[PDB]
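Novice: Structure provided below as structure tokens; questions to follow.
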Amino acid sequence: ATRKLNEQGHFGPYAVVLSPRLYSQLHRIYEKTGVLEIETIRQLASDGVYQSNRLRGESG
Amino acid sequence: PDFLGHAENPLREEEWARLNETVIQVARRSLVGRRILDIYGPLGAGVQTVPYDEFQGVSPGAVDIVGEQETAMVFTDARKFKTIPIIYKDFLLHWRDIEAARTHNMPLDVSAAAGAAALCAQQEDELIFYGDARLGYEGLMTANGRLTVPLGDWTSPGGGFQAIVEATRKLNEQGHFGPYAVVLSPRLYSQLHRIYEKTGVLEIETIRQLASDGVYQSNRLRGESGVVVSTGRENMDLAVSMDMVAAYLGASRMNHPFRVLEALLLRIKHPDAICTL
Amino acid sequence: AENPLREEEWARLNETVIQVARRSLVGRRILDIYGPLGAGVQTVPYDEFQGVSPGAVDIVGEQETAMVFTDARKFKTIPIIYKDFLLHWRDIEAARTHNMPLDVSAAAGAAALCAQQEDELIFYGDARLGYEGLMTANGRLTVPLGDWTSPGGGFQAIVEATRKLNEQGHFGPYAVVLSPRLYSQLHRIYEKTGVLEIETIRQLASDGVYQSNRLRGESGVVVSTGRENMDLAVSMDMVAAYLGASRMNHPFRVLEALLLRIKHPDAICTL
């Protein structure tokens, strides 16, 4: 998604909104070493990764 | 010209302060109900009755260019007020112990105070989580419209997540979603607290991220059950008339028995935000 | 037949005893004490337990349920624990003129022995005299601490101990005391991701996980740190006193007067 934004010449500090199912289940803590997968996504986004229960099941 | 008699309060000021501090702190330690819920502020001793609003409403808001929806949400027939009970225990303190704590060995012992207040809070949490038919009250695991969902999948390495997932799905089906909070029985909670789910870390971390208001433990619940609720107001409440406090009943044979008071009543203003086994 | 030391040396001796005490006492970091009652008292009141009275009457007005009180009133005698050492008059004179350390190694040894005896007393009552031992108490809620030396080890036992405490309606901020063998070997750093197993146990307990080399090889306990559950009646804190000169050599004795009164023996788990 970030490379598709950048290809379109539209970048910056991104933000992410995920459905609660994923935003909970995404805590697959083991990426490889010690850091939460959601934490590394947040490092990639740099303006938070929020959840909103109003979204559908598998969307973000 | 001494301790004997049926006089008023025997305890001095600082002793009263220590008694009150002990009951308050052991209450704060032992209360799990008053964390998942939220309380209508202390009304006072006098207030014996509080309103008990009717039931659910499937009426949502609406947005139009010019406000004409009329957004009705009206109670229909009555209001069926209810009354606030009381819960208490005993403080059988010896007179010789009080006498010793004046001119002699003086660590005034109030262990019975902490024990009695712990029992009182346990009974109160039993009240919230289970109504008693004698007073005709409603309990979270015995209300009407609990939106039941089977569990039938624990004792497996990872057969606990999908139960709360299904509970959340059913709770959102009624158009009632928000910050969920879960309360579980002791053995169920410990079993949930087991080793990695084979897809990350301990299951309770994922469950706590999914709930967003914590997973709590209650010994007072039955063996193999638990609930998930919507923590906001406009859905549930805990009307408090007066918080835990120790008061002097009377004079026993020669001792002094006390009693700890607190008047609480749960109000399920919206019995849609309850889910169980 | 006199009084040997002046203020400075007395203060140094007392400070050394206090330092070795506060270093070696493990019990004082898990139990809170009943205020120092003075040397006068020798007896204290005792527990209240199995007060099975729901008190959950929950009726407008009030019912007449049973009040909670001591199950059977009785008393216990506060022991005295002491260690004796010796000093030489020539040593004092030398420390007064030639050099000025005033060697107090004997005092440190005495304080260490006294503290070890005290901790053994707390973790094991004296069977001959007859007291209550944390690993020999009645109503101990034993839980099998076995099947360790495994990836998922002490966690599976601590969670079971906590659920047994909570089932008994007795919870709060727990504390854990483990034998040194385990408290070292428990550092099986890999739970799954990055956090010490002892660190996650400490997160579960929330009032420390201490070790005490006085325990046996494969034993450990978990308790509820609050008062009104466990207590430590103190009559006087560890202090050094003078036994009177004999043959010009000055003896000395370090004293402590402690007794634990387990009010609510429901906060116990063992092997």
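Numbering starts fresh at 1 for the residues of each chain in the structure tokens, the chains themselves are lettered A, B, ... in the order given, and ligands are numbered from 1 as they appear.
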With only C-alpha atoms counted and 9 Å as the cut-off, give the residues of chain B in contact with chain A, each with its shortest interatomic distance in Å and the pair that gives it, as CSV.
Specialist:
residue,atom,partner,partner_atom,distance
B:165,CA,A:21,CA,8.1
B:177,CA,A:53,CA,7.4
B:178,CA,A:53,CA,7.3
B:199,CA,A:28,CA,6.3
B:200,CA,A:28,CA,4.8
B:201,CA,A:29,CA,6.6
B:205,CA,A:27,CA,8.5
B:206,CA,A:24,CA,5.9
B:207,CA,A:24,CA,7.6
B:208,CA,A:24,CA,8.4
B:209,CA,A:24,CA,5.3
B:210,CA,A:24,CA,5.0
B:211,CA,A:24,CA,8.7
Novice: With C-alpha atoms retained, write the just-selected residues as a PDB file, in the first residue's frame.
Specialist:
ATOM      1  CA  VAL B 165     -14.930 -13.519  18.788  1.00  0.00           C
ATOM      2  CA  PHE B 177     -20.899  -2.215  19.961  1.00  0.00           C
ATOM      3  CA  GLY B 178     -18.225  -0.411  21.923  1.00  0.00           C
ATOM      4  CA  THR B 199       0.340 -18.099  16.655  1.00  0.00           C
ATOM      5  CA  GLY B 200       2.161 -15.601  18.847  1.00  0.00           C
ATOM      6  CA  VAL B 201       2.041 -15.120  22.616  1.00  0.00           C
ATOM      7  CA  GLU B 205      -2.818 -10.473  25.514  1.00  0.00           C
ATOM      8  CA  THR B 206      -4.812 -10.913  22.302  1.00  0.00           C
ATOM      9  CA  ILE B 207      -8.065 -11.133  24.269  1.00  0.00           C
ATOM     10  CA  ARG B 208      -7.190  -7.931  26.132  1.00  0.00           C
ATOM     11  CA  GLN B 209      -6.425  -6.120  22.884  1.00  0.00           C
ATOM     12  CA  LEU B 210      -9.734  -7.352  21.460  1.00  0.00           C
ATOM     13  CA  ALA B 211     -11.785  -6.376  24.518  1.00  0.00           C
TER      14      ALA B 211
END
Novice: Tell me which protein, DNA and RNA residues are within 7 Å of residue 142 in chain C, counting only C-alpha atoms, leaving out same-chain ones fewer than 3 positions away, and put them as a VMD selection string.
Specialist: chain C and resid 269 to 271
Novice: Give the strand (DSSP E or B) residues of chain A, as DSSP finds them on the backbone, and put them as a list in words.
Specialist: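 These are the residues in question: residues 16, 17, 18, 49, 50 and 51 of chain A.
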Novice: Please produce a file of the residues just selected, as a PDB file, in the first residue's frame, where the atoms kept are N, CA, C and O atoms.
Specialist:
ATOM      1  N   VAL A  16      -2.993   4.495   9.557  1.00  0.00           N
ATOM      2  CA  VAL A  16      -3.681   3.254   9.231  1.00  0.00           C
ATOM      3  C   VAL A  16      -4.882   3.095  10.150  1.00  0.00           C
ATOM      4  O   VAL A  16      -4.811   3.412  11.342  1.00  0.00           O
ATOM      5  N   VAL A  17      -5.988   2.609   9.592  1.00  0.00           N
ATOM      6  CA  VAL A  17      -7.180   2.265  10.358  1.00  0.00           C
ATOM      7  C   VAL A  17      -7.576   0.843   9.993  1.00  0.00           C
ATOM      8  O   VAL A  17      -7.769   0.532   8.814  1.00  0.00           O
ATOM      9  N   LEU A  18      -7.701  -0.015  11.001  1.00  0.00           N
ATOM     10  CA  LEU A  18      -7.963  -1.431  10.790  1.00  0.00           C
ATOM     11  C   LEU A  18      -9.206  -1.868  11.547  1.00  0.00           C
ATOM     12  O   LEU A  18      -9.559  -1.300  12.583  1.00  0.00           O
ATOM     13  N   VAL A  49      -1.670   3.521  14.360  1.00  0.00           N
ATOM     14  CA  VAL A  49      -2.461   2.514  13.667  1.00  0.00           C
ATOM     15  C   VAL A  49      -3.679   2.282  14.548  1.00  0.00           C
ATOM     16  O   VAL A  49      -3.609   1.544  15.535  1.00  0.00           O
ATOM     17  N   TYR A  50      -4.791   2.920  14.208  1.00  0.00           N
ATOM     18  CA  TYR A  50      -5.978   2.888  15.043  1.00  0.00           C
ATOM     19  C   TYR A  50      -6.953   1.819  14.572  1.00  0.00           C
ATOM     20  O   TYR A  50      -6.850   1.284  13.466  1.00  0.00           O
ATOM     21  N   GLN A  51      -7.906   1.513  15.442  1.00  0.00           N
ATOM     22  CA  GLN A  51      -8.990   0.600  15.136  1.00  0.00           C
ATOM     23  C   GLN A  51     -10.314   1.331  15.273  1.00  0.00           C
ATOM     24  O   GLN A  51     -10.437   2.292  16.038  1.00  0.00           O
TER      25      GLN A  51
END
Novice: Could you write out as number ranges by chain the residues of chain C within 9 Å of chain A, counting only C-alpha atoms?
Specialist: C: 192-195
Novice: Restrict the selected residues to N, CA and C atoms and save them as a PDB file, in the first residue's frame.
Specialist:
ATOM      1  N   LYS C 192       8.359 -17.086  25.017  1.00  0.00           N
ATOM      2  CA  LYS C 192       8.351 -17.231  23.566  1.00  0.00           C
ATOM      3  C   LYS C 192       9.120 -16.129  22.844  1.00  0.00           C
ATOM      4  N   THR C 193       8.931 -14.872  23.248  1.00  0.00           N
ATOM      5  CA  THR C 193       9.460 -13.797  22.419  1.00  0.00           C
ATOM      6  C   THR C 193      10.773 -13.201  22.910  1.00  0.00           C
ATOM      7  N   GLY C 194      10.735 -12.461  24.016  1.00  0.00           N
ATOM      8  CA  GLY C 194      11.945 -11.812  24.483  1.00  0.00           C
ATOM      9  C   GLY C 194      12.096 -11.599  25.974  1.00  0.00           C
ATOM     10  N   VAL C 195      11.118 -12.014  26.769  1.00  0.00           N
ATOM     11  CA  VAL C 195      11.008 -11.573  28.154  1.00  0.00           C
ATOM     12  C   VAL C 195      11.365 -12.718  29.087  1.00  0.00           C
TER      13      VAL C 195
END
Novice: Could you please select, counting only C-alpha atoms, the residues of chain C within 8 Å of chain B and state them as a PDB file with C-alpha atoms, in the first residue's frame?
Specialist:
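To be explicit, this is the file written out as selection08.pdb:
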ATOM      1  CA  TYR C  34       3.041  -4.973  64.187  1.00  0.00           C
ATOM      2  CA  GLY C  35       4.650  -1.885  65.685  1.00  0.00           C
ATOM      3  CA  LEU C  37       5.675  -3.131  71.392  1.00  0.00           C
ATOM      4  CA  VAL C  41       5.313  -7.680  76.259  1.00  0.00           C
ATOM      5  CA  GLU C  48      -9.113 -15.763  63.279  1.00  0.00           C
ATOM      6  CA  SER C  53     -20.470 -16.535  57.336  1.00  0.00           C
ATOM      7  CA  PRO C  54     -21.514 -15.189  53.922  1.00  0.00           C
ATOM      8  CA  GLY C  55     -22.918 -12.026  55.495  1.00  0.00           C
ATOM      9  CA  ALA C  56     -24.514 -11.491  52.094  1.00  0.00           C
ATOM     10  CA  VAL C  57     -27.964 -11.255  53.712  1.00  0.00           C
ATOM     11  CA  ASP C  58     -28.677  -8.265  51.449  1.00  0.00           C
ATOM     12  CA  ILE C  59     -32.117  -7.482  52.924  1.00  0.00           C
ATOM     13  CA  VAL C  60     -33.771  -4.132  53.571  1.00  0.00           C
ATOM     14  CA  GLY C  61     -33.701  -3.693  57.315  1.00  0.00           C
ATOM     15  CA  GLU C  62     -31.316  -6.438  58.419  1.00  0.00           C
ATOM     16  CA  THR C  65     -26.299 -13.511  60.513  1.00  0.00           C
ATOM     17  CA  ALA C  66     -23.279 -14.559  62.568  1.00  0.00           C
ATOM     18  CA  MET C  67     -20.503 -12.089  63.357  1.00  0.00           C
ATOM     19  CA  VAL C  68     -16.882 -12.877  62.511  1.00  0.00           C
ATOM     20  CA  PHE C  69     -14.508 -13.325  65.434  1.00  0.00           C
ATOM     21  CA  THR C  70     -11.517 -15.365  66.535  1.00  0.00           C
ATOM     22  CA  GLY C 152       6.595 -23.928  30.157  1.00  0.00           C
ATOM     23  CA  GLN C 156       2.094 -23.288  34.888  1.00  0.00           C
ATOM     24  CA  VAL C 159      -1.006 -19.680  37.640  1.00  0.00           C
ATOM     25  CA  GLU C 160      -2.421 -22.747  39.392  1.00  0.00           C
ATOM     26  CA  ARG C 163      -6.258 -19.683  40.857  1.00  0.00           C
ATOM     27  CA  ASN C 166      -8.626 -16.839  44.125  1.00  0.00           C
ATOM     28  CA  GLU C 167     -10.960 -19.839  44.367  1.00  0.00           C
ATOM     29  CA  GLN C 168     -10.580 -19.580  48.153  1.00  0.00           C
ATOM     30  CA  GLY C 169     -11.736 -15.973  47.867  1.00  0.00           C
ATOM     31  CA  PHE C 171      -6.546 -12.497  46.346  1.00  0.00           C
ATOM     32  CA  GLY C 172      -4.704  -9.217  45.898  1.00  0.00           C
ATOM     33  CA  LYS C 192       8.351 -17.231  23.566  1.00  0.00           C
ATOM     34  CA  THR C 193       9.460 -13.797  22.419  1.00  0.00           C
ATOM     35  CA  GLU C 228      -4.777  -8.726  58.350  1.00  0.00           C
ATOM     36  CA  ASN C 229      -3.654 -11.927  56.613  1.00  0.00           C
ATOM     37  CA  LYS C 263      -4.064 -14.750  60.933  1.00  0.00           C
TER      38      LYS C 263
END
Novice: Residues at most 12 Å from residue 46 in chain A, counting only C-alpha atoms, excluding those fewer than 5 positions away in the same chain, as a PyMOL selection string?
Specialist: chain A and resi 12-16+38-41
Novice: Could you give me, as a PyMOL selection string, the residues within 8 Å of residue 56 in chain B, counting only C-alpha atoms and dropping anything in the same chain fewer than 6 positions from it?
Specialist: chain B and resi 269-272
Novice: As an exercise, work out the distance from CA of residue 217 in chain C to CA of residue 179 in chain C in Å and give it to one decimal place.
Specialist: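 It comes out at 6.3 Å.
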Novice: Mind checking which residues fall within 12 Å of residue 220 in chain C, counting only C-alpha atoms, ignoring those fewer than 2 positions away in the same chain, and posting them as a PyMOL selection string?
Specialist: chain C and resi 123+134-135+142-146+154+157-158+161+175-183+209-218+222-223+268-271
Novice: Next, write the just-selected residues to a file, as a tab-separated table (two decimals), in the first residue's frame, keeping N, CA, C and O atoms as the atom set.
Specialist:
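Final output, saved to out.tsv:
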chain	number	residue	atom	x	y	z
C	123	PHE	N	10.30	-19.24	58.09
C	123	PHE	CA	9.97	-20.23	57.07
C	123	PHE	C	9.80	-21.63	57.63
C	123	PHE	O	9.36	-22.52	56.90
C	134	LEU	N	5.62	-21.77	57.52
C	134	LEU	CA	5.06	-21.46	56.21
C	134	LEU	C	4.98	-22.68	55.32
C	134	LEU	O	4.01	-22.86	54.58
C	135	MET	N	5.98	-23.55	55.39
C	135	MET	CA	5.95	-24.81	54.65
C	135	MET	C	5.48	-25.98	55.50
C	135	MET	O	5.50	-27.12	55.03
C	142	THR	N	-1.76	-27.10	49.13
C	142	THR	CA	-0.63	-27.60	48.37
C	142	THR	C	-0.98	-27.69	46.89
C	142	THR	O	-2.11	-28.02	46.51
C	143	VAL	N	0.00	-27.38	46.04
C	143	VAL	CA	-0.15	-27.47	44.59
C	143	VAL	C	1.11	-28.12	44.03
C	143	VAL	O	2.23	-27.72	44.39
C	144	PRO	N	1.00	-29.12	43.16
C	144	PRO	CA	2.20	-29.81	42.69
C	144	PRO	C	3.09	-28.92	41.86
C	144	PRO	O	2.74	-28.55	40.73
C	145	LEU	N	4.26	-28.57	42.40
C	145	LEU	CA	5.24	-27.74	41.72
C	145	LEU	C	6.16	-28.54	40.81
C	145	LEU	O	7.26	-28.09	40.50
C	146	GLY	N	5.72	-29.73	40.39
C	146	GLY	CA	6.57	-30.62	39.63
C	146	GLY	C	6.56	-30.33	38.14
C	146	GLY	O	5.98	-29.35	37.66
C	154	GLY	N	7.63	-22.90	35.59
C	154	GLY	CA	7.12	-22.24	36.77
C	154	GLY	C	5.86	-21.44	36.53
C	154	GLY	O	5.08	-21.22	37.46
C	157	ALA	N	2.78	-23.50	37.22
C	157	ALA	CA	2.54	-23.72	38.64
C	157	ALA	C	2.08	-22.45	39.35
C	157	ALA	O	1.21	-22.52	40.22
C	158	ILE	N	2.63	-21.30	38.98
C	158	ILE	CA	2.22	-20.06	39.62
C	158	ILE	C	0.79	-19.72	39.25
C	158	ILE	O	0.02	-19.22	40.09
C	161	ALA	N	-1.37	-21.86	41.41
C	161	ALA	CA	-1.39	-21.36	42.78
C	161	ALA	C	-2.27	-20.13	42.90
C	161	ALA	O	-3.02	-19.98	43.87
C	175	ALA	N	2.90	-12.22	46.41
C	175	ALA	CA	4.35	-12.23	46.46
C	175	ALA	C	4.82	-13.67	46.46
C	175	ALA	O	4.12	-14.56	46.93
C	176	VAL	N	6.02	-13.90	45.92
C	176	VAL	CA	6.55	-15.24	45.74
C	176	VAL	C	7.93	-15.31	46.37
C	176	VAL	O	8.72	-14.37	46.28
C	177	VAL	N	8.22	-16.44	47.03
C	177	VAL	CA	9.54	-16.73	47.57
C	177	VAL	C	9.96	-18.10	47.06
C	177	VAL	O	9.24	-19.08	47.25
C	178	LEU	N	11.13	-18.16	46.43
C	178	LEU	CA	11.60	-19.38	45.79
C	178	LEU	C	12.98	-19.76	46.32
C	178	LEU	O	13.77	-18.91	46.73
C	179	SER	N	13.26	-21.06	46.29
C	179	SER	CA	14.57	-21.56	46.66
C	179	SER	C	15.62	-21.06	45.67
C	179	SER	O	15.31	-20.85	44.49
C	180	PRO	N	16.86	-20.85	46.12
C	180	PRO	CA	17.87	-20.29	45.22
C	180	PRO	C	18.12	-21.13	43.98
C	180	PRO	O	18.37	-20.57	42.91
C	181	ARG	N	18.04	-22.45	44.11
C	181	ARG	CA	18.22	-23.32	42.95
C	181	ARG	C	17.24	-22.93	41.84
C	181	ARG	O	17.64	-22.70	40.70
C	182	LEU	N	15.96	-22.83	42.18
C	182	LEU	CA	14.98	-22.45	41.17
C	182	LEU	C	15.13	-20.99	40.77
C	182	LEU	O	15.20	-20.67	39.58
C	183	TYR	N	15.24	-20.09	41.75
C	183	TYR	CA	15.28	-18.66	41.42
C	183	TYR	C	16.45	-18.32	40.51
C	183	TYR	O	16.41	-17.29	39.83
C	209	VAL	N	9.49	-11.23	43.35
C	209	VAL	CA	9.70	-12.67	43.47
C	209	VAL	C	11.09	-12.82	44.08
C	209	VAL	O	12.10	-12.73	43.37
C	210	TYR	N	11.15	-13.03	45.39
C	210	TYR	CA	12.41	-13.06	46.10
C	210	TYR	C	12.91	-14.49	46.28
C	210	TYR	O	12.18	-15.47	46.09
C	211	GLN	N	14.18	-14.59	46.64
C	211	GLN	CA	14.81	-15.86	46.96
C	211	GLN	C	15.32	-15.82	48.39
C	211	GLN	O	15.64	-14.75	48.93
C	212	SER	N	15.37	-16.99	49.02
C	212	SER	CA	15.92	-17.13	50.36
C	212	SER	C	16.63	-18.47	50.43
C	212	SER	O	15.97	-19.52	50.43
C	213	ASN	N	17.96	-18.44	50.49
C	213	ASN	CA	18.76	-19.66	50.51
C	213	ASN	C	18.44	-20.58	51.68
C	213	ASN	O	18.92	-21.72	51.70
C	214	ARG	N	17.64	-20.12	52.65
C	214	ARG	CA	17.29	-20.96	53.78
C	214	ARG	C	16.29	-22.06	53.41
C	214	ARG	O	16.24	-23.08	54.09
C	215	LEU	N	15.52	-21.87	52.34
C	215	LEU	CA	14.56	-22.89	51.93
C	215	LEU	C	15.28	-24.16	51.48
C	215	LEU	O	16.50	-24.19	51.31
C	216	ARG	N	14.50	-25.21	51.28
C	216	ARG	CA	15.05	-26.49	50.85
C	216	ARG	C	15.30	-26.44	49.34
C	216	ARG	O	15.25	-25.39	48.71
C	217	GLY	N	15.60	-27.60	48.75
C	217	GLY	CA	16.05	-27.62	47.36
C	217	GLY	C	14.97	-27.23	46.37
C	217	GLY	O	15.19	-26.39	45.49
C	218	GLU	N	13.78	-27.82	46.50
C	218	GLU	CA	12.75	-27.75	45.47
C	218	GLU	C	11.44	-27.26	46.05
C	218	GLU	O	10.38	-27.86	45.86
C	222	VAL	N	3.86	-18.85	47.70
C	222	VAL	CA	3.24	-17.62	47.23
C	222	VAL	C	2.19	-17.20	48.25
C	222	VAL	O	1.42	-18.03	48.74
C	223	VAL	N	2.18	-15.91	48.59
C	223	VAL	CA	1.37	-15.38	49.67
C	223	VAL	C	0.70	-14.09	49.22
C	223	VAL	O	1.00	-13.56	48.15
C	268	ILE	N	-1.62	-19.56	51.29
C	268	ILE	CA	-0.45	-20.41	51.26
C	268	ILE	C	-0.52	-21.33	50.04
C	268	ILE	O	-1.60	-21.84	49.71
C	269	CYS	N	0.61	-21.51	49.37
C	269	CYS	CA	0.82	-22.63	48.47
C	269	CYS	C	2.25	-23.11	48.60
C	269	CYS	O	3.17	-22.33	48.89
C	270	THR	N	2.44	-24.41	48.37
C	270	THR	CA	3.74	-25.06	48.51
C	270	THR	C	3.88	-26.07	47.38
C	270	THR	O	3.14	-26.03	46.39
C	271	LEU	N	4.85	-26.97	47.51
C	271	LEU	CA	4.98	-28.08	46.57
C	271	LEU	C	3.78	-29.01	46.70
C	271	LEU	O	3.62	-29.69	47.71
